[PDB]
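The data below hold one chain only, encoded as structure tokens and taken in the form deposited in one PDB entry.
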């Protein structure tokens, strides 16, 4: 039934296109001048509503899916599957970062152009920042792993601020911990996996609880169906709002065309050559057909710019349309979302290479390897914190000591490239799931 099957894909693609058209027409016809902030809020509000709906269920779906998936195969096979999955995610993120270096080095987006100016963008506010240390970031990562409280971890994460409690002499900023807002999805993932392993360690005592969590996840999936049918309206209004919130006639594109083209080309090459090649090599099944099977979550990622929001829609589409195993999907795809960020590592590395290319820095071999490794680790470093969309580039440049004086340049255009990043991240998650499904099948 092609007409009914492809209806959703048609609807969300039409939603994205019509949202772009609506926003461009509104901005050209007057935009904010004809709109006002109140009508801007009402115009963006369906987007905020879709993101409120899809952030409501990631906690049930992630927790109960991992508990229902971990306790479906014995811990030996689970350990092997988790290890090969982490290896796959690490390799894909690393290949993405290397592709970013190879593109930004060649196209040279940091050539002398309008982007050389940074007074308007920075205006002295770029240097002023928390300036989180790399060690403190890794410690906050390993403290959001193994949370102090599960309930608080359902909406809070640990962030190490810096006070000035060294008045005795030579004032040095010292770390203090204070829980902030944002889900600790990494901690919940680890707790859930460990729980499911515990229930598989038990036998008849755990059958009730596995039945509970599988039923709960199936109910949440039934909610996901209806959220999915709502999603095109939210995507349309969200995209229209996010191109009405800033003019996009071509001024910022004319400013940073090489950098944005480098990022989008890197994302497409990662998402249409590298990972499809890996899938074909391993499972020997049409990767582009599989990619067409998941267009609706990809479009939702492009609209939403959060891997959080698109994941329920994705797990529904992968388990339903494509012939991916239910337990493998449950175990892998949440872990893919919180760890694999191929696009994030990609455009972080490309941004670093761009800001280094302007001012003519060297970056011969050692600094290249450094940016690769710290981008690969920051794939998960940025994962626990939702606020740090591109904030993690500052700590990278602190590690390797580059000019952070114009990091605010990307914040004007962060809303664009992060979308394609989200697309590639969910794509890499699904391709890992398919590969590991075939590996477990063999």
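In this text, rigid core is short for the largest set of C-alphas that superpose within 1.5 Å between two forms. Numbering follows the first chain given and starts at 1.
One more form of this protein should be noted, the form deposited in another entry, which is absent from this view; the next part is about it.
Annotation: Cα of residue 249 displaced by at least 2 Å between the shown form and the other one, core superposition. Put the two forms on the same core and the Cα of residue 387 is off by 2 Å or more between the shown form and the other one. Contraction of the residue 331-residue 381 CA spacing by 3 Å or more is recorded in the other form, set against this form. The distance between the CA atoms of residue 387 and residue 103 is at least 3 Å shorter in the other form than in the form shown here.
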